[PDB]
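The form deposited in one PDB entry is given below as one chain in structure tokens.
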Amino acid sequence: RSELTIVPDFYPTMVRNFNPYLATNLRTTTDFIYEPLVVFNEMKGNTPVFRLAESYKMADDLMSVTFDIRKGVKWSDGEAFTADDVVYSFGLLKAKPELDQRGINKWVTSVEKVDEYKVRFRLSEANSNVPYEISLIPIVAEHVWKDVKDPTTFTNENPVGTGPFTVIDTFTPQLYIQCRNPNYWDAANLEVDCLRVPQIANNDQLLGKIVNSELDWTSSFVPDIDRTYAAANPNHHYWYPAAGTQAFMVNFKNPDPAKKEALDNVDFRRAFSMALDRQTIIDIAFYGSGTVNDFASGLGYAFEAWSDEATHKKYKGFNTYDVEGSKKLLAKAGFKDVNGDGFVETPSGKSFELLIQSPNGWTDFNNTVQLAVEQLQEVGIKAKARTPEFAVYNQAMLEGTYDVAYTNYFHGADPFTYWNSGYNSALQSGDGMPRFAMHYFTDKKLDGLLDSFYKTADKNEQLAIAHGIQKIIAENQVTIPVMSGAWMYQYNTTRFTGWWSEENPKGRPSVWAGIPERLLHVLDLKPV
């Protein structure tokens, strides 16, 4: 049998959890076990690729959508995939909203079975983007989950799935192997037999394995990639197409009064931003991979057509390396060194040191923070790097105990993915929410604009809304955007061919969970 060795995530040890609704799951659950109704190819104009649904139809008023389910699709246990599974899954997320990690509940009023192969979503608001938003919600088997006592703690260790790889062939603390669904509806197009998923804890362990040609499909940071990895074997390849924003997020609800006095001050956030040398961060921490992001709104240069250039220009100076301007702004805001240590105190005279966190083992981000600490010191801002394990880093954001965090964001075909995930205050509440909105800045007007972005399909209307969003975020310097990154992706031709690449650029090539196109990609791979 052919085994494809993949690394969608690092772990200290393999914990058997295939619940697609829990933040604690394994990152081969979505797509590979639970196939979507539709996969949107974001790189190719956000085009739908129909999988378990064969079609959808939005109502004229954009307030409802029906999906026609493909006939003849089976769960891995042999039972039919039907509208009942879609109705059940959305009903579960309404009953247990802690499982609604994307906040779909607010947008979907009801999900009803029309017949065995047709489901109707009634929406709470007109929403031209709802097919995409629905496409991300995992669909589980009603005939299994109806008998689950507590879906919020169920580890789903024996998953029944619709996707290509549902058989748990091997499971050990150091390795699991996920083999092909024997009843897979699209078996005729699937040539890979199993996913081999070794336990790897961090970038340093990853580097040894990747250089030694032990892996097939990864999306890791690899330092000095041309020298360490690409030159090590003629079969070692990579393709890094452009992706989304990375930024320092500041906690507006910090529990320390001196830190809150700094972090909550827009002039301080701007001075912090002007202390940073974004191009040096890119050159040193990312080995040159990335583009400076000097948009106070975080928009980035790839989305310039969505940008109000007057807004970009008005705030760009606060997002440009400018030590002189940073120091002048600190002084003008009243942040002065009143105790002779070379570090500013708050305007009320309090000392403070900002703890800047990034996830342990994400060495590109760790090195970014170290550079930022040195750059902040030059303007008199005292800071220290912290590298908690991801779960602790994430919990500190969900609990509001962090000071500053370096993070990336997901990245869609338009700016809404970044702006909504990064700023909608509705995404700040929920045990299964991700970290991206957890700065605790809130603005009802901003939320209203985000919630209105797709109320029409009119591009001119969406543009005016985008300009309003850009203005609010920029004028509040909510975060400190640093760069636009890349979809890191490395592939090995030793054991498989058919990979996406710059020469074969079929979609986002990442193996990370949250990139639904990885299902389409795996179906193109052919064993050697």
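One rule holds for the numbers: they count along the sequence shown, beginning at 1.
What comes next is about the form deposited in another entry, which does not appear here.
- Structural comment: of the residues 485, 31, 86, 156, the hinge joining the rigid parts that turn between the shown form and the other one is found at 485.
- Relative to what is shown, residue 510 and residue 417 are farther apart in the other entry; their C-alpha atoms differ in spacing by at least 3 Å.
- The Cα-Cα distance between residue 219 and residue 302 is shortened by 3 Å or more in the other entry relative to the form shown here.
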